[PDB]
Amino acid sequence: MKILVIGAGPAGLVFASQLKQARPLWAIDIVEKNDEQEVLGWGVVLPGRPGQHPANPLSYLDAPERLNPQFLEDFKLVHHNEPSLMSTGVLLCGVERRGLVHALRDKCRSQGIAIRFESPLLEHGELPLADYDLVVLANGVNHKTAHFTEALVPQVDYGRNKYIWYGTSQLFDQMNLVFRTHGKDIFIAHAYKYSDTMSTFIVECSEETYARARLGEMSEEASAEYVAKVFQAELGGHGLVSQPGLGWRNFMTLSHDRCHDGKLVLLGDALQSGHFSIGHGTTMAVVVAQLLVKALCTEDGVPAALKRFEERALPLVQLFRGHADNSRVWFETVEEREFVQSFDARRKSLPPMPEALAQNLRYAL
Ligand SMILES: Cc1cc2nc3c(=O)[nH]c(=O)nc-3n(C[C@@H](O)[C@H](O)[C@@H](O)COP(=O)(O)OP(=O)(O)OC[C@H]3O[C@@H](n4cnc5c(N)ncnc54)[C@H](O)[C@@H]3O)c2cc1C
């Protein structure tokens, strides 16, 4: 069989490797838009301990300890200049995005999966459909501007508040979202350590706040220090550094009510993206990728496999979407608000994620 994967990110890679390992003879190639050492983002939080949790991408590496994963067991919430509590959750590990993506790429190559960098695919006329049995679209949020077919156009929902992905030397040994009211403005930060020297610092605020502080009409370094000053209490004396490709923006939720179209199948953020306020994007990429692999190893043809894939994928992506919206909305509406109670039940009466992921995991694996 011949499979083409557009996108060398978590979803694309986890699928490639998973499938190659099970079907070595199958031909699997990947095309990446960017260069080899061009990965965006700082650090991400993942479920469980590498090697012990099937949902974590680090569990598919020959040596995950190499990336120096940071294990976080506690959660600190600062509200009104006071740590409401340290309600510990479950076991989550943080690790560098770049490092993760690079490792997964080395793994695919060591398995015989070719990856052609700096080879973006945008136009539908660029799809060598007649030369492949399956085309996997795992090109992240770029899918929005490159959907290849009207029948695969996203829903696209722009988050109400602005956010930016900062990186910092301040070590947050324990996860903690902070609410700092600086003047008439409300700033929210999501921080956690992902390495021995770096922490992720996701900051967000309303459009009004973004306009008052002129975070956009200001210099990248100038905005950072400004935000760094508002949180100097939490960051100690450490500043904030942004990436040339992140910057300020509104979260785009790419939704779908269909998983495939002929030889094309969506995967990862390209299929469904969800606000980062629940940290499941990479987990979703991994679980859904496994669903496609099982379907391909059990069904006779591609069409037959896609159909069976559809069955369990959609129900899962809708649930992820459901949780992503509740959490996102909750965060967008903080100004108009035991404060540690709402945040907890913000996911309403929706079935838990860790229960749904496992259900499909035991099935695909
Ligand atoms: C602020 C923020 C914080 C987040 N924090 C977390 C977190 O802590 N935990 C978590 O799990 N996730 C987090 N995410 C989520 C996020 O990382 C995604 O869910 C992502 O990992 C999905 O993986 P992917 O491989 O599907 O996408 P991507 O990483 O976007 O990969 C897409 C790939 O396609 C390539 N490319 C894109 N367009 C094209 C094109 N048209 N054709 C060819 N190649 C193309 C890109 O270079 C990239 O290699 C965060 C996101 C943001 C925005």
Single residue of region 320-349 satisfying the filter (under 16 Å from the mean Cα position of the chain (by Cα) and of a type in the set (K, R)) that is farthest from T181 (Cα to Cα) = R321
Quick check: anything in region 76-96 farther than 30 Å from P354 by Cα and part of a strand (DSSP E or B)?
-> no
Of the residues in region 90-134, those that are crowded, with 16+ Cβ neighbours inside 10 Å and closer than 13 Å to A16 by Cβ number 8
Taking the stated definitions as given, is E118 assigned to a loop (DSSP other than H, G, I, E, B), on the phi > 0 side of the Ramachandran plot and of a type in the set (D, E)?
-> yes
Sort out which residues of region 5-33 are more than 15 Å from the chain's Cα centre (by Cα) and in a loop (DSSP other than H, G, I, E, B), and write them in order of number.
-> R23, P24, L25, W26, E32, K33
The residue that is farthest from the ligand (Cβ to nearest atom), considering only those in region 128-142 that are more than 18 Å from the chain's Cα centre (by Cα) and not acidic (D, E), is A130
Scan region 177-196 and give yes if some residue there is more than 10 Å from the ligand (Cβ to nearest atom), under 30 Å from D29 (Cβ atoms) and either within 20 Å of the chain's Cα centre (by Cα) or not charged (D, E, K, R) (or both), otherwise no.
-> no
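Being in contact with a strand residue (DSSP E or B) (Cβ under 9 Å, 6 or more places away or on another chain) and either closer than 24 Å to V136 by Cβ or surrounded by 15 or more Cβ atoms within 10 Å (Cβ to Cβ) (or both) is the filter here, so list the residues in region 61-89 that pass it.
Of everything in region 61-89, those that are in contact with a strand residue (DSSP E or B) (Cβ under 9 Å, 6 or more places away or on another chain) and either closer than 24 Å to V136 by Cβ or surrounded by 15 or more Cβ atoms within 10 Å (Cβ to Cβ) (or both) turn out to be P64, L67, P69, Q70, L72, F75, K76, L77, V78, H79, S84.
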Residue list for region 290-319, filter: of a type in the set (G, A, S) and within 21 Å of the chain's Cα centre (by Cα) | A313
Find all pairs meeting these conditions: Cβ atoms under 7 angstrom apart; at least six residues apart or on different chains; first residue within region 155-176 and in the same structural domain as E220 (by CATH) and of a type in the set (A, V, I, L, M); second residue buried (at least 21 other Cβ atoms within 10 Å of the Cβ) and not in a loop (DSSP other than H, G, I, E, B).
-> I164/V203; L171/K193; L171/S199; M175/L72; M175/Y192
Is there a residue in region 158-169 that is of a type in the set (S, T, Y) and assigned to a helix (DSSP H, G or I)?
-> no
Pair list, Cβ < 6 Å and 6+ apart or interchain, from region 234-251 residues that are within 13 Å of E204 (Cβ to Cβ) to residues that are exposed (fewer than 15 other Cβ atoms within 10 Å of the Cβ) | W248/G216; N250/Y158
Can you work out which of the residues in region 340-356 that are part of a helix (DSSP H, G or I) and touching a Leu at 6+ places or on another chain (Cβ under 8 Å) is farthest from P83 (Cα to Cα)?
-> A356
Is one or more of the residues making up region 62-72 within 15 Å of the ligand (Cβ to nearest atom), of a type outside the set (G, A, S), in a helix (DSSP H, G or I) and within 20 Å of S277 (Cβ to Cβ)?
-> no
Would you point out which residue out of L40, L25 is of a type outside the set (G, A, S), surrounded by fewer than 20 Cβ atoms within 10 Å (Cβ to Cβ), on the phi < 0 side of the Ramachandran plot and within 16 Å of the ligand (Cβ to nearest atom)?
-> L40
Could you give me the residue pairs with C-beta distances under 9 Å whose first residue belongs to region 343-365 and is farther than 25 Å from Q290 by Cα, whose second residue is outside any helix (DSSP H, G or I) wherever it lies, and which are 6+ apart or on separate chains?
-> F343/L77; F343/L177; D344/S87
Counting only helices (runs of 4 or more DSSP H) wholly inside region 217-298, the ones holding at least 1 residues that are of a type in the set (A, V, I, L, M, F, W, C) and within 28 Å of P128 (Cα to Cα) are 281-298
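Numbers and lists here come from the model and the stated rules, or from a named source; these are not laboratory values. Positions of Cβ are generated from backbone atoms using ideal geometry, with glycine treated the same way; all protein chains shown enter the neighbour counts.
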